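Notes follow once the structure below has been shown.
Quick reminder, even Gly has a Cβ in these numbers, built from the backbone with ideal geometry, and neighbours come from all protein chains shown. Please treat every number below as a calculation from the coordinates, not as lab data.
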């Protein structure tokens with residue numbers, strides 16, 4: 001066995017919190033680390049967003 | 001008598017069949033899962049020299065109708081599409097088999113021409 005192949009992959013997403021812009025808008029919400037807002041998705045299901 | 005030409009003759013014939021086999025290997029060198037085949041010359045030749053069925057063969061107008069071991073070639077370098085034709089091996093084998101076919105042609109030529117020279 002000499003041949004090995006080189007498939008690519010995306011092991012997920014980078015859960016590193018990006019940094020913050022102070023917009024002063026009353027309802028711009030920033031989550032703390034490893035926190036998610038829940039959203040009713042297109043089909044109707046709880047997706048998670050930042 | 002005059003079956004003293006048999007050996008080389010049949011040997012030559014066997015080589016020709018081998019070519020087809022080897023030729024097929026080159027033709028299907030890209031198809032998936034071909035599992036390159038070949039035959040072993042020496043044993044096959046010995047067996048054929050040691051040695052379809054006849055149908056209803058009374059007078060004419062009854063339409064007579066006529067009716068080797070293809071061994072795996074053990075591969076190397078597996079290739080994920082089942083194709084085991086290592087084209088390099090087959091190229092070498094094809095060159096050698098063509099050469100030995102030429103040798104057999106020369107040997108039959110020599111035996112036949114010796115026979116003809118004695119006869120004139």
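Things to note:
- Yes/no for residue A:18 being away from chain B (no Cβ under 14 Å), at positive phi, part of a loop (DSSP other than H, G, I, E, B) and exposed (fewer than 10 other Cβ atoms within 10 Å of the Cβ): no
- When residue B:115 is tested against (1) surrounded by 11 or more Cβ atoms within 10 Å (Cβ to Cβ); (2) within 26 Å of residue B:26 (Cβ to Cβ); (3) out of contact with any strand residue (DSSP E or B) (no Cβ under 9 Å at 6 or more places or on another chain), just one condition goes unmet, and that condition is (2).
- Restricting segment B:101-112 to residues that are within 18 Å of residue B:19 (Cα to Cα) and touching a helix residue (DSSP H, G or I) at 6+ places or on another chain (Cβ under 6 Å), the residue that is farthest from the other protein chains (Cβ to nearest Cβ) is B:104.
- Residues in segment B:47-69 that are part of a loop (DSSP other than H, G, I, E, B) and either surrounded by 10 or more Cβ atoms within 10 Å (Cβ to Cβ) or within 14 Å of chain A (Cβ to nearest Cβ) (or both): B:55, B:62, B:68.
- Scan of segment B:26-46 for residues that are assigned to a helix (DSSP H, G or I) and more than 14 Å from the chain's Cα centre (by Cα), ordered by number: B:26, B:27
- In the set B:76, B:81, B:88, B:96, only one residue is within 14 Å of chain A (Cβ to nearest Cβ) and either in a helix (DSSP H, G or I) or over 26 Å from residue B:33 (Cα atoms) (or both); that residue is B:88.
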